[PDB]
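Coordinates in review
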Amino acid sequence: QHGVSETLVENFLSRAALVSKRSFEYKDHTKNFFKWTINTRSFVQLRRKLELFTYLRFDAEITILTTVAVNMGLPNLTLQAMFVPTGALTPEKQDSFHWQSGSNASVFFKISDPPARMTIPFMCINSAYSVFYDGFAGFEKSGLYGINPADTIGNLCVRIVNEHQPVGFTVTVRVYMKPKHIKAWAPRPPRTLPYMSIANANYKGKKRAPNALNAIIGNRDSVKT
Amino acid sequence: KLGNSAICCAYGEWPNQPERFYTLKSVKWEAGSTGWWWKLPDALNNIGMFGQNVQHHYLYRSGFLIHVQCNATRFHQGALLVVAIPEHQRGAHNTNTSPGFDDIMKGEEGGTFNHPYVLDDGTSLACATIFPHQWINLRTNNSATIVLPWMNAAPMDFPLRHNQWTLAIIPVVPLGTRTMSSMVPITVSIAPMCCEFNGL
Amino acid sequence: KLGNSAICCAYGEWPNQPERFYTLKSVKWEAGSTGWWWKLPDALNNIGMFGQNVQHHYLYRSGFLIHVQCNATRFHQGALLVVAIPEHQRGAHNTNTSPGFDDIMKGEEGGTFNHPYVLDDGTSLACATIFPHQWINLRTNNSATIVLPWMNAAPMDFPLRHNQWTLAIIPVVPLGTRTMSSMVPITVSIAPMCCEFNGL
Amino acid sequence: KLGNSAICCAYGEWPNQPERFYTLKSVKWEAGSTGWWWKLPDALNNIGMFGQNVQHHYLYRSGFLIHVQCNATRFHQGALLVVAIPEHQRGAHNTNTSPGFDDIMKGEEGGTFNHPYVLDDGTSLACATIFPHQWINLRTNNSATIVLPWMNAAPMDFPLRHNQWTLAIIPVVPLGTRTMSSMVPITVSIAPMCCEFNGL
Amino acid sequence: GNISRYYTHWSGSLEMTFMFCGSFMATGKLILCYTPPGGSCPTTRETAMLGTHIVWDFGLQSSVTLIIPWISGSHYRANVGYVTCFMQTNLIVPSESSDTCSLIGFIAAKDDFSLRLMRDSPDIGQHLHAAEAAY
């Protein structure tokens, strides 16, 4: 990291976090592959930090960590992690033609190797990602609120390249994303109430204080106590 | 004084083409008031020269100059937080459905804060001074003036689909007087700065 | 602003060692009030750093800086004579016995004028402006400030046996308003000047 | 001579704000004596100007100047090791429980070494000369003087929770004379150096 | 308070601001007393003169800045300090004004503030709706 302050927005945010963890089964019968739309809304610890800001500009350092376990010997399997950006077609199946795509950047890695690692660049068409969007996506009234179409990174599709085997093994794909070259604009209040969804900023609050709707800080007896 | 109509900088920014205040309807502030909000440029899309520039062009690029004035006697008390919130994605209370088009695009009339303590988006009103803001303590002053720059990652934008700034006026200390039946008007005047439009 | 605590010269004298205001309890001024008095340094002998310097040393030598402030609205009326009396030997009314130790050494609470018209010593309140004094006419001002020099024939003195100055606050025109039930607080702040002590 | 009270450097260090010796009670040295210890500033926290500075402030920062004097005739013999031990974490004998608050914080009276051969912490008295130390061989001299710097990783510290230095006086050769009933007094005088205090 | 709970060790001066929000003719005096860590929190107005205190006539002013001195934060780990407020006088209002007046308190850090040894915040923590829509 290597600054002086430790409160630099580079230092405050460039910190690798488990953004996605999904096992998928693999067998000789015909999802058998991993697919995840790249966002940060999935885990509330990273989400509240990035929602301190209105606009963020960063590269994304993905690190795919892959373990295998029995349902003798753990097989050495080849995996394909393929970044499908916004505008390109995603694989519907594990054996589809979209895995053979010349233009979708793949990476071919083994379980025996050190974990695969790519840097996804700044994929937005605007000059920053909109963490908060006060608007509607489509030009109709049927558009969704708070979803900027320019804000989507892409999809991270992960499959097992090997042919189907009768053996029973579960492949768990931990995805670690670490922002880089963070520029951040227009700081915001930190969220006090718990999240209800990842699609929006709805709020309910807890039942009692702290972090309740009508009492964010837990009470004391009197003001003079 | 801008144009023919007569009556601080956000983040240290001064925005630099038609070159006046659009005085909105006065809202009436009482003891039971929670707050008021106006989304920009949605509050100005159906009004005047700016409304003719919005409805006939396709992209807008302009800053805003807001004068909030709250006119009361010396026997009134109360404090307002006149705060401008960039990209105020509103949340809905106690549901998973996102707010609709009617809940967000209120027009010239604007809206009312349901839960102003959380700024209607799960954040806090206590930390809402991280935005460009001014206080109207009726003991001390009666007016506020906030300059609003072009707040967008994009170079130009869609006025009918997206509202960059939200002007919020939230009574932190409620309106007080002895006979608690008095009202105090709040008048909002919004002047657009550097009205750039494209796609006639 | 002296020390850590934050909020004219007698005879043309400016007194020249620990170097702050000791805000006494606010007295409450009503229509029936006759006056208040505090003997110095008896009002400060049981208080704070000056009280620790008095009770552990044997001789004192210091001036005083007094700020009397009377905080009222613009609908109150009345005049105070804030007068500092050197060597105010009090007389007792209608008896030949001299006033006792309890009648003179009242401490931080101070005393009340029994007959303020004669200054409680057979003299006159009309001629009491021969002393260092200021007026608080609530029509005009709300505060008074009197510097008090070292007033002694002796070079140093005994704080527990003798009181050089007496700060008196006497309502000449009584407190008035329409509904005659209102009170106006008077707050006295005494800062000692050039606190010289000997005999630890 | 420091202050009003009248009567070598540790590691080559000279510490550089009130600016005197606090003469502790004389301990009495006999043939059966094992040793004495005083933890600093715990020996001085209940005494005088330093005790008023400790009990009214919250952090302390000061060095120490210690004069141990052992006054005897020319027919007495014996050697003392006057040794100052930084961070003398005492151990308890023959148990697993750490020493309590009463076993450590003895105040002005100080303590007595139970097993001075191991310095009461499992180490050795033979190697105790690795600390700042002086010898009092009554054949040769009768006094010792040890300067103690600010010995802390922290910049300032808590006087009521932690004792940086421990002054130990251990008779290595016991007190001797022909009629073995004689006593020799040992007098300890501790003067704090550069008394810095914060948090009044 | 929110940004510092992302860190373990804080150190610096705080800056409290109290704003009086009564009427224009409301008058009175408060006394704001700062108590250093470990000192006794006062109960009477007479006792609270031995520490750092200021007397605030809120007829004259409407705001008061109370600089809290340098604390060094997580060095104590009894309390880390107090700021109390006593009435000095009563509240003097005219008859048309409201007889109840309010104070708003603010706090900011000063320029010597410092945060180090970053952790994750205790405030947020965990269901999320539409969490499996990304898969």
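Reading the values: rules and limits
Residues numbered from 1 in each chain as written, not as in the entry; some residues may be left out. Chains lettered and ligands numbered in written order. Part of a larger assembly, values for the part shown. Heavy atoms only, no water. Helix = DSSP H or I, 4+ residues; strand = E, 2+ residues; numbered from the N terminus. Buried < 20%, exposed > 50% of the residue type's maximum accessible area, 1.4 Å probe, protein only. Areas by Shrake-Rupley, 256 points an atom, 1.4 Å probe, with all protein chains shown as cover. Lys, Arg positive; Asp, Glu negative; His and termini not counted. Charge placed at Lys NZ, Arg CZ, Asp CG, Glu CD. Pairing = 2+ DSSP bridges. Salt bridge = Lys/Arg side-chain N within 4 Å of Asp/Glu carboxyl O. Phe/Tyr/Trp six-rings, centres within 6.5 Å; stacked < 30°, edge-to-face > 60°. Axes fitted to C-alpha atoms, helices over the stretch in contact; angles between N-to-C directions. Contact = heavy atoms within 4.5 Å. Buried area = accessible area lost by both parts, 1.4 Å probe. Polar contact = N/O pair within 3.5 Å; in protein donor to acceptor, adjacent residues only side chain to side chain. Nonpolar A, V, L, I, M, F, W, Y, C, P; charged D, E, K, R; others polar. Core = buried A, V, L, I, M, F, W, Y, C linked by side-chain atoms within 4.5 Å. Arc of directions from axis to C-beta. Patch = residues over 30% accessible without salt bridge, like charges linked within 9 Å, V, L, I, M, F, W, Y side chains within 5 Å.

Method of determination, as annotated in the archive: cryo-EM, at 3.03 Å resolution.

The name given to chain E in the PDB entry is viral protein 3, with the source organism recorded as Enterovirus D68.

As named in the PDB entry, chain A is viral protein 1, taken from Enterovirus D68.

**Points about the overall build of chain A**
In terms of helices and strands, chain A carries 2 helices and 9 strands. Reading chain A from its N terminus to its C terminus gives the helix and strand order α-β-β-α-β-β-β-β-β-β-β. Counting only C-alpha atoms, chain A reaches 70 × 45 × 45 Å along its principal axes. Per-residue burial for chain A yields a buried fraction of 48% across its 225 residues. When the accessible surface of chain A is totalled, it reaches about 11700 Å², and 54% of it is carbon and sulfur.

**Details of the overall build of chain E**
If you tally the helices and strands in chain E, you get 0 helices and 8 strands. Across chain E, helices and strands are ordered from the amino to the carboxyl terminus as β-β-β-β-β-β-β-β. The principal-axis extents of the C-alpha atoms in chain E amount to approximately 65 × 40 × 25 Å. The buried share of chain E, reckoned over its 135 residues, is 48%. Put simply, chain E shows about 6700 Å² of open surface, and 53% of that area lies on carbon and sulfur atoms. Side chains of chain E give 7 positive and 10 negative charges; the mean places of these two sets differ by 11 Å.

**A word on the sheet that holds strand β5 (residues 77-86) of chain D**
All names here are of chain D. Spatial strand order, β6-β3-β9-β5-β7: 5 strands in an open sheet with antiparallel pairing. The open sheet terminates on both sides in strands that have one partner only, identified here as β6 (111-112) and β7 (133-137). Pairing of β5 with strand β9 (residues 165-176), which is carried by 9 bridges, proceeds in the antiparallel orientation. Paired with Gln77 across the bridge in β9 is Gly176.

**Observations concerning the pattern of salt bridges**
Opposite charge on two side chains lets them pair, provided their charged atoms get close. If you walk through the whole model with that rule in mind, you get 18 salt bridges over all chains. A salt bridge links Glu196 of chain C to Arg61 of chain C; its shortest N-O distance comes to 4.0 Å. Taken together, the residues span a long stretch of sequence, with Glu196 of chain C in strand β10 (residues 184-198) and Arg61 of chain C in strand β4 (residues 59-70) at a distance of 135 residues. Taking the relative accessible area as the measure of exposure, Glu196 of chain C reaches 26% and is therefore partly exposed. For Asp120 of chain D, the salt bridge is made with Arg90 of chain D, and the minimal N-O distance between the two is 2.6 Å. Of this pair, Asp120 of chain D sits in the loop between β6 and β7 while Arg90 of chain D sits in the loop between β5 and α2 (101-104), placing them 30 residues apart in sequence. You can call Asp120 of chain D buried: its relative accessible area is 6%. Salt bridges sharing partners connect three or more residues here, namely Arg48 of chain A together with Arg5 and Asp123 of chain E.

**With respect to the packing of aromatic side chains**
As enumerated under the stated definition, the model contains 27 aromatic pairs over all chains in all. Consider the rings of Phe139 of chain A and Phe158 of chain B, whose centres lie 5.3 Å apart with planes at 85 degrees: the pair is edge-to-face. On the criterion of chain membership, the pair formed by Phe139 of chain A in the loop between β7 (129-130) and β8 (154-160) and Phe158 of chain B in the loop between β8 (143-148) and β9 (165-176) is interchain, its members lying in two chains. A relative accessible area of 57% means that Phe139 of chain A is categorised as exposed. Residue classification places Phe158 of chain B among the partly exposed positions, given a relative accessible area of 27%. With a centroid separation of 5.3 Å and an interplanar angle of 80 degrees, the aromatic rings of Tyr60 of chain D and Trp150 of chain D are classed as edge-to-face. Pair noted here: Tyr60 of chain D is in strand β4 (residues 59-70) and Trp150 of chain D is in the loop between β8 (143-148) and β9, with a separation of 90 residues, a long-range link.

**Describing the sheet that holds strand β4 (residues 52-57) of chain E**
Residue and element names in this part refer to chain E. Reading across from one edge, β4-β3-β6 is the order of the 3 strands in this open sheet, with antiparallel pairing throughout. Only two strands of the sheet have a single partner each, and these edge strands are β4 and β6 (82-87). With direction set aside, neighbouring strand axes in the sheet form an average angle of 20 degrees. Relative to β4, strand β3 (residues 29-35) runs antiparallel, the two being bridged by 6 bridges. Considered in β4, the bridge of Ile31 is made with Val55.

**Comments concerning unusual backbone geometry**
Residues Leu40 of chain B and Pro41 of chain B are joined by a peptide bond in cis, for which omega reads 5 degrees. Tracing the backbone shows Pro41 of chain B in the loop between β3 (36-40) and α1 (48-56). Even without being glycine, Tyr11 of chain B reaches a positive phi, approximately 65 degrees. Its place among the elements puts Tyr11 of chain B in the segment before β1 (22-23). The phi dihedral of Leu117 of chain E falls on the positive side, at around 60 degrees, and the residue is not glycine. Relative to the helices and strands, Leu117 of chain E is located in strand β8 (residues 114-118).

**So, the interface of chain B and chain A**
On the chain A side, the residues contacting the 44 residues of chain B number 37 residues. When the two sides are added together, the surface that chain B and chain A hide from each other amounts to roughly 3600 Å², 57% of it contributed by carbon and sulfur. Counting the surface chain B buries against chain A, the share from its top three residues, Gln89, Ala153 and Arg161 of chain B, is 22%. Linking chain B to chain A there are 1 salt bridge. Across the pair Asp134 of chain A and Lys39 of chain B runs a salt bridge whose closest N-O atoms are separated by 2.9 Å. At the surface where chain B touches chain A, the tally comes to 31 residue pairs in polar contact. Contributions of two or more residues to the side of chain B that touches chain A are made by β5 (77-86) and α2 (101-104) of chain B. Split by residue class, the side of chain B that touches chain A holds 20 nonpolar, 18 polar and 6 charged.

**With respect to the arrangement of the chains**
No other pair of the 6 pairs of chains in contact has as many contacts as chains A and B. At the level of C-alpha atoms, the two units chain A and chain D stay apart, their nearest approach being 21 Å. Without any contact between them, chain B and chain D keep their closest C-alpha atoms 30 Å apart.

**Notes on the environment of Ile190 of chain B**
Residue and element names in this part refer to chain B. Mapped onto the secondary structure, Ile190 falls in strand β10 (residues 184-198). On the basis of relative accessible area, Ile190 is assigned to the buried category, the value being 0%. Taking the C-alpha atoms as reference points, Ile190 and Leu24, separated by 166 residues in sequence, lie 7.7 Å from one another.

**A look at the nonpolar core**
Core analysis: the largest hydrophobic core is formed by 48 residues, its most contacted members being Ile62, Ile64, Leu79 and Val173 of chain A. The biggest single contributor to this core is strand β3 (residues 53-70) of chain A, with 7 residues. Contact partners of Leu79 of chain A, with chain neighbours within four places excluded, come to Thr66, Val107, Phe108, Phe109, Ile111, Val158, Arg159, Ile160, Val161, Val171 and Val173 of chain A. Counting 40 residues, the second largest nonpolar core, distinct from the first, contains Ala128 of chain A together with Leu40, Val188 and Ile190 of chain B.

**Regarding α1 of chain B**
Residue and element names in this part refer to chain B. Listing the buried residues of α1 in full gives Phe50, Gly51, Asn53 and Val54. Along the axis of α1, the buried residues cluster in a sector spanning 160 degrees; they form a single face. Elements that come into contact with the buried residues of α1 comprise β1, β4 (59-70) and β10.

**Quick word on a nonpolar patch on the surface**
All names here are of chain C. Where nonpolar side chains cluster on the molecular surface, the patch consists of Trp135, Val172 and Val173 and spans about 250 Å² of accessible area. Relative to the helices and strands, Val173 is located in strand β9 (residues 165-176). Overall, the relative accessible area of 42% leaves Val173 in the partly exposed class.

**A short note on the pairing of strand β6 (residues 116-120) of chain A**
All names here are of chain A. Here β6 shows one buried face, formed by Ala116, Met118 and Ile120, and one open face, formed by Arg117 and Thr119. Where β3 and β6 come together, 5 bridges link them in antiparallel fashion. For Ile64, the partnering residue across the bridge sits in β6 and is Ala116.

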